[PDB]
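J.: Supplied in C-alpha cells, the structure appears directly below.
A short reminder: the numbers here are calculations on the coordinates, not readings from a lab. Cβ: placed from backbone, ideal geometry, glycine included. Neighbour counts: every protein chain shown.
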Amino acid sequence: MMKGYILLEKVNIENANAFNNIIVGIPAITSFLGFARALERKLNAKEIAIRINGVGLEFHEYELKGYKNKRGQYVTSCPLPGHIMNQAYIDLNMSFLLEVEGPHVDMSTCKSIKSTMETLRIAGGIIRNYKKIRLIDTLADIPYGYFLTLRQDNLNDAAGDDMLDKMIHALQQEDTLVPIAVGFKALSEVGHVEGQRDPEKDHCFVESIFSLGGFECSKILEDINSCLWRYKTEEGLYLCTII
Amino acid sequence: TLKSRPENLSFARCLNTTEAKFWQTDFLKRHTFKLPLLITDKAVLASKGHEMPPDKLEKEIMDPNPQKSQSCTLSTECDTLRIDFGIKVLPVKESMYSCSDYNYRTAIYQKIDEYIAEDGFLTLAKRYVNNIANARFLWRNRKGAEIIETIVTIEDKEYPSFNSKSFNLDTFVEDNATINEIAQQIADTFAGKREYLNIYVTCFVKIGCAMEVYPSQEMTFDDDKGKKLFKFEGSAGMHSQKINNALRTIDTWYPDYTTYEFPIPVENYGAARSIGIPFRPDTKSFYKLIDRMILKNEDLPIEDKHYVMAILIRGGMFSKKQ
Amino acid sequence: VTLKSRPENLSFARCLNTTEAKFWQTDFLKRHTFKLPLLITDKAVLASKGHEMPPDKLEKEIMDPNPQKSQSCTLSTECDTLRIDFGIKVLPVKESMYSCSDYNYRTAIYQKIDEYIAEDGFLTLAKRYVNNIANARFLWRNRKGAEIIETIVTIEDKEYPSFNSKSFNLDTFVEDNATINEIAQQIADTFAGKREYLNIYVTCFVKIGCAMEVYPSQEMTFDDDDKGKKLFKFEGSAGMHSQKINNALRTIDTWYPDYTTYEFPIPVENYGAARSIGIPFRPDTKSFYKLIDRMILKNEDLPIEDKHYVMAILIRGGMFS
Amino acid sequence: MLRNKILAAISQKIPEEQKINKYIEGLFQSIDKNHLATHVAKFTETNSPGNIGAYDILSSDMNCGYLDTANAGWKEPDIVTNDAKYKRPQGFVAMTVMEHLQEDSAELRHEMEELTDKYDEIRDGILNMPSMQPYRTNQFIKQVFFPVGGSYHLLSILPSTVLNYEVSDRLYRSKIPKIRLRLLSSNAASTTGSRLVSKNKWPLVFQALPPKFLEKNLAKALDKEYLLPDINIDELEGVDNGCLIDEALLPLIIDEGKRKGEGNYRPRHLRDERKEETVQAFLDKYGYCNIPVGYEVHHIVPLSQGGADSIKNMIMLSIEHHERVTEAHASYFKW
C-alpha cells in the first residue's frame, strides 16, 4: 500500500465542457476527478490494481472558445447541430498530480498510465498531446502552474444575507477568486427509476452545488495535500473538497 | 430474443480529430519556414442584395452600414498555407461508453465481431484515409492551387507525401500501397488489435502569393453581424468538427446513387447539408438497419453493413424513441 | 422535370477573387529598381462644421471646435509614383456554386452555363473585365491627376506588354488590342473548367507627383466615439480593400435599361444599384431576382445582353430564396 | 393599470367585460394544466420526453457552506407548462406581481375583485399548483456516475433554472462582478415551459476562467514552437559523413543560426531539453557508434535562440572551430 505522486505534465484538453449552468469556464471539478476514477477503472480493468485517492489540478494555460467584443465581454462559440441548447467550450493546458496508493508505484505503471490515458477524455475533451508522466518526490518536482485550492473560508466569512450575496461580495473583494463547481446535492431519495444508464446502480436526481476557489502559485504553495482534491459523500451531499 | 433498442445507448467518436492550426510558408522552403498566420480585420459595406419587392428598393439601397469583417489572407512573401491537424483513433468495440441491456451489448459485440472477420474494417479505413488523400479537409481552400501535398505521420514514421490533385473527390481509389498500408493500420487499430493510434497530418497548399485563406467561421450567435473566424492560439484554424465531417464523406451506398454520383457525410437519416432532401428517409437508415440487424437477426447486403458500421464509428445517441 | 421555385440555399462563390492592393512608393524613371514602403501618417484636424444648421447654434459650433486625430498619407518629399501590387485568382464558374438545395436546379444551371459556354465563352465579359484592368480604375480617386498611368499584368511568370491607362477611356470598352484579347482568352479559358485556376498579379504605377497625397481605403472607426479617418494598413503599409478592387473590376454593366440616356457603366449588383448615383438602374425587370426565374424556372431564350448580365452577377455570389 | 393590462391582454372584437369574463375563465382553466418547479430537465436538452423536474423549496436554508438553489436568493417561483395552448397564467404572475401574490397583499385582491371576483382560490391555485415531481430519467438528461464508498451511484443532473434567473438579475445589479460572461445561445422558439427562461432567453452567468495572464496568445504558441536551420546537410559539400570538416562553409553555419536566432531568445524554462536520444540517433545517422574523437555537437540554431533538439538541426563542430562559433554566439546574442 505504498503512496506515490504521479505528475501528468502539459495535458492539452481541447473542447472540454466549460458550461456548468451558472458557471461557464473552469469545468466542474467532478469531471476532473472522474477522470481519475476512469483512469483507475480502466487500470483495474487491466492488472494494475491502483486506487487513486486524490487529484490536484494545475491550470497552466487556458483558452475559451469565443471572441472578445469591443467592450470586453466574451461571446462563446458552439458547434452547429445536425435549436442550440446552452453550451460552451474551453481548451486547457493543465497538469494533473495523482495521489496513487496500491500494490506498488513504479515507472512501468507510468508506462501503463501512458497507454491508458490516450483513450480517455477529460470533461468531454480530447487529448492532443502530453509532455511527460513522472513520479515526483517534492513540490520542486512540479512545473510552474497555478493550482486550484478550495477557498471555502472566503465564502463562509463573507458579508451578506444569502450565500449567493456572500459570493457576489467575495468576488467584489478579491479578484483571484473564481466561482467553481464542486459537487451534486440530492433532490430526491434514491431508487430504481426507469431509463437509466446502467439499471443496477441506484439512481438519485441531483443539482450541482457551487463554491469559490482560488489559484495558488507553484513555488508559493505550502504542502502537497493542500492542493489535492478528494471525494466525500455525505447523505445527499456528494461533493469534492480539499480536506 | 430482444424486443427493442436500449434506453441509454451511446457510442463515442472512433476518429477524434484535433483542431487544425494554420501556418504560412513558402513551397521552396516549406520544411523549415513556418510564420504565424493571423486573423486580420477589415471594414466591409453592406451590399443589401436580397430579394425585396420593387417598390421599396430605394429605402435599403441608400442607407448602408459598415460591418467589421474578420478576413484571413497570406503574406506577400509567403504563398502556401500549412494546415496541421491531428487524429486520435480508438477501437469501436470500446467506443460504447454507455449501454443499458447486456443482451443488446452481447448482440452488438457479436455483430461487430461478425463484420470484423468478414472485411475487418478495411474498406472503411480506405475511405476514411482516402478523404485525407483527396484533401477534402481544405473545403474551399482547394478550389484553385498547384501542388497540394499531404504528408501523414504515424508515431515517428513519416509515410510518403500524397499529391492530392490527382485523386478525384467523387471516385474512391483502392489501389495505392501507401493508402493500403495506412488503411491496414487504421483497420487493425479499429478492430481492437491495437488500442490507440495517433495520426498527424501536415498539408501544404499553393494558393498563391497574397491570396485568401478561408478558415472556419465562428458561430457568433450575437449582434455585430460580422464574419468572425476561428482564432486558435492567435492563428487561423478549422473547427475540428468540420475536419471530421470532411474526413467522414464516405457514403457511396445511399439509395439512388446511379443518378447523383457524389459522396455524402454519414449521419443517421442521411441528411447532407448541400442537398436539402434527406437521401436516406426510410427503409435505408441507421435506425431501421440495426432493427434489421440486431432486433431481427438477418444478414444485410455488405454496402448496408459498411454504412451502419460507418455511423457506428461516428458515434452519437443511437437509442430508443422514448 | 418541371421547375417550381428557386432553392432555399442558392449560394455562388467568388469566381474573381482579388487580394488586397498593397501600396508602395517609387520614382518613375527607376520604377523597376525601386520599391520604398508607403506608411500611414497621423495628423490632427480641427472640426470645420460645414453641415447645414439654422442660425441658432452656429456660434456654439464655432465656439468649441473639437479636434480629431485623423490618419492620412503623404508619400515622401522624394518619391514620385504609386506602386499598387494586387493579385486576382479567377476560378471556373461551374465549380463555384457553394450551395444548391434542389438538384434539378443544379443540373439546369449547369446546362445553362454550358449554353453560354457554347455561344460567346466568357470572352465578352473577360475582355470587359480585363478592360476594367486596363483603364486603371483600381485608382478610384487616386487616378484624378496623373501624367502616365502604367499597369503591368503578370500571368504566371510572364510579364506582359505594359498598358497605357489614360489612352483608354472610362466610358468605352476596347475589343482590338492583342494583349487585352489574349489575357481575356486565358481568363475565358479559366472560366470554363478548361483551366482550373489562374493567378494574375497586377502592378500599377501612377505618377501623381512628388510629395503629393494618396487616398487609401478607409476603415470604420470604433463605435465608442474617436471619429476620424482611420485608413487601412496591410503589412505595415497602406492598402485598398478587395471589395473596392472587385467593385472596380465589376463595372462591366452597360446593358442596363436607361443606357442611351445616362451612357455610363454602373457596377454589377443584384438590383443594379449605384450607391453614389441613386435611383436603382435595374429595378423590377432586368433584375436577376426576376431574370434567372425567367431563365431557369421558365425556359425561354433571353437576348445576349441580358444573358451577359445574368451570368455576370454569377462571379459575385450571395443569393437565397 | 393592472386592469388595463388585463384588458390589453385580450383584445378581440368581443367586449372588454366579456374579455375579462373569458380571461378569468382561462385563469381558472390553466392552473390545473400548468405545474410549478424549481428545476426543469428540458433546460439541458429541449427534446426531453415528459415534464421532468423537481422542487427544492423543501430543503432548508443553511449558512454553513457551498451554494444550492435552496441556499440562494430564490424569490420568484418558476411556472412550467407542457403545451402552449393550455397555458396563459404568467400574465397574472408577471404582468413584481409574483411578489404581490407571495406577500399576502390585497391590492391584487381589489383588482381581481374588480375583474371577476374569485381572487382567493386563484391565490390558492397558484399556491397549491401541482409541485413538479421527478418520475423518469431520459437519455437527454445528463446522467453521470459518481462513487459512494466503493460503488458508483447514478446521478441525473436536473439543471437549476431558478438559480439561473437569480444570478442573471443580481449580476446585472452587480454591474462589475468581474465574472460576467453572457450566453446568447437560445432562440425565441423555446418549448421549455419555464417562465424564467422565457423572461430571459439569454442568461448572464459567471466567467470562471484562470487569471488573465495564462491565456494562450500567439506569442505563447510561438514559444512552444522551435526553429530548424534550412541548411540541407545531407549534401552540403564540405560536410562529409555529417562532420563539418571544411572551414570555408563555416561562415554560413554562423549566419544561419544568427538569422534564425536574432530576436529569438527563449529563457531556459521554455527551451527544448537536451535528450540523449537525439545525439544517439545522430550517431546512428552514419556509423560512428559513439561521438567521434575531437568532434562534438552544436545546435546550428542556438537552443537559447529557439532551437529544437531534432535530427535536422544539430551538427559536429571541431573543438577550436566550436570555440570560434561559440564566441560568435556569445558575442552576437549577448548571453
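J.: Residues C:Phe264, C:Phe320, C:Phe281: which one is aromatic (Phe, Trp, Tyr) and under 22 Å from C:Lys94 (Cα atoms)? Steps first, please.
T.: Values: C:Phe264 fails: under 22 Å from C:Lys94 (Cα atoms); C:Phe281 fails: under 22 Å from C:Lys94 (Cα atoms).
Among C:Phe264, C:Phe320, C:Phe281, only C:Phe320 is aromatic (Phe, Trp, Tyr) and under 22 Å from C:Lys94 (Cα atoms).
J.: Taking the conditions exactly as written (within 30 Å of A:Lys166 (Cα to Cα), of a type outside the set (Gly, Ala, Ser), in contact with an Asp or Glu (Cβ under 6 Å, 6 or more places away or on another chain) and part of a loop (DSSP other than H, G, I, E, B)), does D:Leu196 satisfy them or not?
T.: On the way: within 30 Å of A:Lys166 (Cα to Cα): yes; of a type outside the set (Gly, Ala, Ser): yes; in contact with an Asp or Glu (Cβ under 6 Å, 6 or more places away or on another chain): yes; part of a loop (DSSP other than H, G, I, E, B): no.
For D:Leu196, the condition - within 30 Å of A:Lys166 (Cα to Cα), of a type outside the set (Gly, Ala, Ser), in contact with an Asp or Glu (Cβ under 6 Å, 6 or more places away or on another chain) and part of a loop (DSSP other than H, G, I, E, B) - is not met.
J.: In addition: Output the helices (runs of 4 or more DSSP H) that fall wholly within the stretch D:240-335 and possess 2 or more residues being over 50 Å from the mean Cα position of the chain (by Cα) and β-branched (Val, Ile, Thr), or say none. Break it down stepwise before answering.
T.: Values: elements: D:250-259, D:276-283, D:319-333.
In the stretch D:240-335, D:319-333 are the helices (runs of 4 or more DSSP H) which contain 2 or more residues that are over 50 Å from the mean Cα position of the chain (by Cα) and β-branched (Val, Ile, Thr).
J.: List the number of the failed condition for B:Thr178; all other conditions in (1) more than 14 Å from chain C (Cβ to nearest Cβ); (2) among the hydroxyl-bearing types (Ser, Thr, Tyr); (3) outside any helix (DSSP H, G or I) hold.
T.: The single condition B:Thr178 does not satisfy is (3).
J.: Ok, one more. Name every residue in the stretch A:61-72 that is surrounded by 18 or more Cβ atoms within 10 Å (Cβ to Cβ) and more than 7 Å from every other protein chain (Cβ to nearest Cβ), in order of residue number. Show your work before the answer.
T.: Of the stretch A:61-72, the ones surrounded by 18 or more Cβ atoms within 10 Å (Cβ to Cβ) are A:61-67.
Within the stretch A:61-72, A:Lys65, A:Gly66 meet the criteria.
J.: Right, next: Counting only residues that are over 33 Å from the mean Cα position of the chain (by Cα), closer than 19 Å to D:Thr46 by Cα and surrounded by 16 or more Cβ atoms within 10 Å (Cβ to Cβ), how many does the stretch D:79-100 have?
T.: Final tally of qualifying residues: 1.
J.: A follow-up question, please. Out of the residues in the stretch C:25-51 meeting the condition of being part of a strand (DSSP E or B) and surrounded by fewer than 21 Cβ atoms within 10 Å (Cβ to Cβ), tell me which one is nearest to the chain's Cα centre (by Cα). Quick ask: steps written out before the conclusion?
T.: Taking the stretch C:25-51 first, the residues part of a strand (DSSP E or B) are C:25-26, C:36-37, C:41-46.
From the residues that got through so far, the ones that are surrounded by fewer than 21 Cβ atoms within 10 Å (Cβ to Cβ) too are C:36-37, C:41-46.
Details: C:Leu36: 26, C:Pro37: 24, C:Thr41: 26, C:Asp42: 28, C:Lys43: 29, C:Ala44: 31, C:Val45: 31, C:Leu46: 33 Å.
Filtering first and then ranking leaves C:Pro37.
J.: So C:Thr77 ticks every box in (1) part of a loop (DSSP other than H, G, I, E, B); (2) surrounded by 12 or more Cβ atoms within 10 Å (Cβ to Cβ); (3) polar (S, T, N, Q) but one. Which box is left unticked?
T.: In the conditions (1) part of a loop (DSSP other than H, G, I, E, B); (2) surrounded by 12 or more Cβ atoms within 10 Å (Cβ to Cβ); (3) polar (S, T, N, Q), C:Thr77 misses (2) alone.
Every residue, every condition in (1) surrounded by fewer than 20 Cβ atoms within 10 Å (Cβ to Cβ); (2) more than 30 Å from C:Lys22 (Cα to Cα); (3) among the polar types (S, T, N, Q); (4) within 14 Å of chain B (Cβ to nearest Cβ), yes or no:
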site	(1), (2), (3), (4)
C:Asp253	no, no, no, no
C:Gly272	no, no, no, yes
C:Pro280	no, yes, no, yes
C:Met295	no, yes, no, no
C:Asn299	yes, yes, yes, no
C:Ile304	yes, yes, no, no
C:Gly317	yes, no, no, yes
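J.: Need pairs with beta-carbon distance below 7 Å; first residue closer than 19 Å to C:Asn169 by Cα and within the stretch C:243-259, second part of a helix (DSSP H, G or I) and β-branched (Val, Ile, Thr); sequence gap 6+ or separate chains.
T.: Close Cβ pairs (under 7 Å, with a partner that is part of a helix (DSSP H, G or I) and β-branched (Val, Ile, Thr)) amount to C:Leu249/C:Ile133.
J.: Same structure, new question: Taking the stretch A:157-215 as the region of interest, how many residues are among the aliphatic types (A, V, I, L, M) and assigned to a loop (DSSP other than H, G, I, E, B)? Write out each step before concluding.
T.: Pass one, the stretch A:157-215, residues among the aliphatic types (A, V, I, L, M): A:158-159, A:163-164, A:167-168, A:170-171, A:177-178, A:180-182, A:186-187, A:190, A:193, A:206, A:209, A:212.
Now restrict to residues that are assigned to a loop (DSSP other than H, G, I, E, B): A:158-159, A:177, A:187, A:190, A:193.
So the count comes out to 6.
J.: With the checklist (1) more than 30 Å from B:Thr153 (Cα to Cα); (2) within 13 Å of chain C (Cβ to nearest Cβ); (3) in contact with a strand residue (DSSP E or B) (Cβ under 8 Å, 6 or more places away or on another chain) in hand, flag the one item B:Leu35 doesn't pass.
T.: (1)
J.: For the stretch D:139-198, name all the residues that are within 20 Å of the chain's Cα centre (by Cα), at the interface with chain A (Cβ under 7 Å from one of its Cβ atoms) and β-branched (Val, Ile, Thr).
T.: D:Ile157, D:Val167, D:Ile179
J.: Inside the stretch A:73-154, counting only strands (runs of 3 or more DSSP E) that do not spill past its ends, which hold 2 or more residues that are under 29 Å from B:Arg194 (Cβ atoms), in contact with a strand residue (DSSP E or B) (Cβ under 9 Å, 6 or more places away or on another chain) and facing another protein chain (nearest Cβ under 10 Å)?
T.: A:89-102
J.: Which number in (1) within 30 Å of D:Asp32 (Cα to Cα); (2) within 14 Å of chain B (Cβ to nearest Cβ); (3) over 24 Å from the mean Cα position of the chain (by Cα); (4) among the basic types (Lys, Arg) marks the one condition that D:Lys224 misses?
T.: (1)
J.: Of all residues in the stretch C:52-71, count the ones that are surrounded by 12 or more Cβ atoms within 10 Å (Cβ to Cβ) and either out of contact with any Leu (no Cβ under 7 Å at 6 or more places or on another chain) or over 24 Å from C:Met212 (Cα atoms) (or both).
T.: Initially, the stretch C:52-71 is screened for residues surrounded by 12 or more Cβ atoms within 10 Å (Cβ to Cβ), giving C:61, C:65, C:68-71.
From the residues that got through so far, the ones that are either out of contact with any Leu (no Cβ under 7 Å at 6 or more places or on another chain) or over 24 Å from C:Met212 (Cα atoms) (or both) too are C:61, C:65, C:68-70.
So the answer is 5.
J.: If we scan the stretch A:17-30, do we find a residue that is part of a helix (DSSP H, G or I) and either within 9 Å of another protein chain (Cβ to nearest Cβ) or of a type in the set (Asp, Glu) (or both)? Don't jump to the end; show me each part of the working.
T.: The initial filter retains those residues of the stretch A:17-30 that are part of a helix (DSSP H, G or I), namely A:29-30.
Add one more test, that the residue is either within 9 Å of another protein chain (Cβ to nearest Cβ) or of a type in the set (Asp, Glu) (or both), and what stays is A:30.
Within the stretch A:17-30, one or more residues are part of a helix (DSSP H, G or I) and either within 9 Å of another protein chain (Cβ to nearest Cβ) or of a type in the set (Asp, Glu) (or both).
J.: Would you please name the residue that is nearest to B:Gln322 (Cα to Cα), looking only at residues in the stretch D:32-47 that are out of contact with any strand residue (DSSP E or B) (no Cβ under 7 Å at 6 or more places or on another chain) and more than 9 Å from every other protein chain (Cβ to nearest Cβ)?
T.: The selected residue is D:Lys42.
J.: In the stretch A:11-59, which residue that is in contact with a helix residue (DSSP H, G or I) (Cβ under 9 Å, 6 or more places away or on another chain) and basic (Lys, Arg) is farthest from A:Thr149 (Cα to Cα)?
T.: A:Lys46
J.: Please determine whether any residue of the stretch B:303-310 is small (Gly, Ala, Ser) and assigned to a loop (DSSP other than H, G, I, E, B).
T.: Pass one, the stretch B:303-310, residues small (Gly, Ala, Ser): B:310.
Still in the running and assigned to a loop (DSSP other than H, G, I, E, B): none.
No, every residue in the stretch B:303-310 fails to be small (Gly, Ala, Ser) and assigned to a loop (DSSP other than H, G, I, E, B).
J.: Say whether the condition of being among the small types (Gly, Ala, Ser), under 30 Å from C:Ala21 (Cβ atoms), within 13 Å of another protein chain (Cβ to nearest Cβ) and more than 22 Å from the chain's Cα centre (by Cα) is met by at least one residue in the stretch B:91-100.
T.: At the first step, the residues of the stretch B:91-100 found to be among the small types (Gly, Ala, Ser) are B:95, B:98, B:100.
Those still in the list that are under 30 Å from C:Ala21 (Cβ atoms) too: none.
No: the stretch B:91-100 contains no residue that is among the small types (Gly, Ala, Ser), under 30 Å from C:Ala21 (Cβ atoms), within 13 Å of another protein chain (Cβ to nearest Cβ) and more than 22 Å from the chain's Cα centre (by Cα).
J.: Looking at (1) of a type in the set (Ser, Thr, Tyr); (2) over 29 Å from D:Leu2 (Cα atoms); (3) surrounded by fewer than 20 Cβ atoms within 10 Å (Cβ to Cβ), which is the only condition D:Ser160 fails?
T.: (3)
J.: Looking only at the stretch D:200-219, which residues are farther than 18 Å from B:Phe221 by Cα, hydrophobic (A, V, I, L, M, F, W, C) and buried (at least 21 other Cβ atoms within 10 Å of the Cβ)?
T.: Hits for the stretch D:200-219 are D:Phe206, D:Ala208, D:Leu209.
J.: Looking at the stretch A:81-133, which of its residues are exposed (fewer than 13 other Cβ atoms within 10 Å of the Cβ) and of a type in the set (A, V, I, L, M, F, W, C)?
T.: Correct list: A:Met107 only.
J.: Looking at (1) more than 21 Å from D:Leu214 (Cβ to Cβ); (2) within 10 Å of chain D (Cβ to nearest Cβ); (3) touching a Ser or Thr at 6+ places or on another chain (Cβ under 9 Å), which is the only condition A:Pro179 fails?
T.: Going through the list (1) more than 21 Å from D:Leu214 (Cβ to Cβ); (2) within 10 Å of chain D (Cβ to nearest Cβ); (3) touching a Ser or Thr at 6+ places or on another chain (Cβ under 9 Å), A:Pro179 breaks only (1).
J.: Would you please name the residue that is farthest from the other protein chains (Cβ to nearest Cβ), looking only at residues in the stretch A:186-220 that are out of contact with any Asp or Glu (no Cβ under 9 Å at 6 or more places or on another chain) and among the aliphatic types (A, V, I, L, M)?
T.: In this case the residue turns out to be A:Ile220.
J.: Can you confirm whether B:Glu261 is within 14 Å of chain D (Cβ to nearest Cβ) and either more than 20 Å from D:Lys216 (Cβ to Cβ) or surrounded by 17 or more Cβ atoms within 10 Å (Cβ to Cβ) (or both)? Before the answer, list the steps.
T.: Details: within 14 Å of chain D (Cβ to nearest Cβ): no; either more than 20 Å from D:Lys216 (Cβ to Cβ) or surrounded by 17 or more Cβ atoms within 10 Å (Cβ to Cβ) (or both): yes.
Considered against the rule, which asks whether it is within 14 Å of chain D (Cβ to nearest Cβ) and either more than 20 Å from D:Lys216 (Cβ to Cβ) or surrounded by 17 or more Cβ atoms within 10 Å (Cβ to Cβ) (or both), B:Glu261 comes out as no.
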